[PDB]
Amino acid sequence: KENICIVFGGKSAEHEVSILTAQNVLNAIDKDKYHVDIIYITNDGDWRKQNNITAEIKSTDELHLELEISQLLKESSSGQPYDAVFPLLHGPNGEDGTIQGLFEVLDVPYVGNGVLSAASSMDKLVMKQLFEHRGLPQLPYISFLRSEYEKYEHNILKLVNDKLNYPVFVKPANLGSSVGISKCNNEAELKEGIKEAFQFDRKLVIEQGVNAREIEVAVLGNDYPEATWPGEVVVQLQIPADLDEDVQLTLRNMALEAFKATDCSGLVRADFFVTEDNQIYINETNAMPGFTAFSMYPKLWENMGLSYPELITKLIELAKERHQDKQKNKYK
């Protein structure tokens, strides 16, 4: 058997769905193939651990678990070091690169994106700037800092009025999912949206609004990633999405380009806007997308013939490969 550790919970608003995700992942892992330990991070930051999961998780209640951090991750309960650590955290303090940096300092192998890819895909501005260098189409947008807005509010609003068309969307640069995002139908709502998002962040983006369908593509791999056929979020899903053949192939190639633009590893989900006349814009990539048994990312791969337990195993094997390829770097 191989030794795996699941990390879930976290100082997050999505604390409960991370626990729900852990139940689906734990119940999908073949216990005869993997020795499984779990680490539960409470809403206060305390780390708690339970050893050797051998039965099915019957309720999300029993995953609420009620030693130092380096000791919990260093050794499996079998005594050996873990072969892979699978974090299932969402939002800030989870997919922002911090816990990945902790994994790197402690030299533990882990599933998913690394420090650079997680942090660059989290920051809305950096994400768009790397997409633009790659040549990916994006909606017109403006960005500025809180310091600049305190002094140049008049000039910033004049640029928005000229370059963009209403409605517009105001988004904080480094916050959680749908946290501080406001659709603004006039300039009065625009200024109120800027004040709301600056109350918790120092950097802002303002996007041109678009009338389009939301199409998503799932990517899996390290150095030779593969993309799925696209799906749509009608939350109800439609897999595969009803698209023209040339749009389906364009989106799969763009998802591979977005994966490379942020130097991703393991997985990513590329979300697009597709209008009625087949105009394509990339919205964002998700370093740790929804991973429940009914989420879009696993269902997109099920349509490709990859089952949920096989997807979990493939991500673990990618974690081992990325760790091995890191050791062959010289550091002396």
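Counting begins at 1, following the sequence as shown.
> How many missing residues of the deposited sequence lie between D44 and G45 in the entry, grouped as none, 1 to 3, 4 to 9, or 10 or more?
Unresolved stretch here: none.
> Which fits the stretch between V234 and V235: none, 1 to 3, 4 to 9, or 10 or more deposited residues lacking coordinates?
Per the deposited record, the segment joining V234 and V235 lacks coordinates for 10 or more residues.
> When the C-alpha temperature factors are averaged for each of 299 to 307 and 35 to 43, which stretch ends up with the higher value in the entry?
Of 35 to 43 and 299 to 307, the stretch with the higher C-alpha B-factor average is 35 to 43.
> Regarding 96 to 104 and 192 to 200, which shows the higher C-alpha temperature factor on average in the entry?
Averaged over C-alpha atoms, the B-factors run higher in 192 to 200.
> From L26, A270, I69, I280, which pick has the Cα B-factor that tops the rest in the entry?
Across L26, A270, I69, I280, the entry lists the biggest C-alpha B-factor for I69.
> Among the candidates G112, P230, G91, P137, give the one with the maximum CA B-factor reported in the record.
So the option with the highest C-alpha B-factor is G91.
> Per the entry's values, where does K124 land by CA temperature factor relative to the rest of its chain, in the lowest, middle or highest third?
Tercile = middle for this residue's CA B-factor.
> Would the CA B-factor of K163 place it in the lowest, middle or highest third of its chain?
It belongs to the middle third of the chain when residues are ordered by C-alpha B-factor.
> Where does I312 sit by CA temperature factor within its chain: lowest, middle or highest third?
Tercile = lowest for this residue's CA B-factor.
> Looking at the C-alpha B-factor of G176, is it in the lowest, middle or highest third of its chain?
Its C-alpha B-factor, which the entry lists for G176, ranks in the highest third among residues of this chain.
> Using only modelled residues of the chain, where does the Cα B factor of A319 rank: lowest third, middle third or highest third?
Middle third of the chain for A319's C-alpha B-factor.
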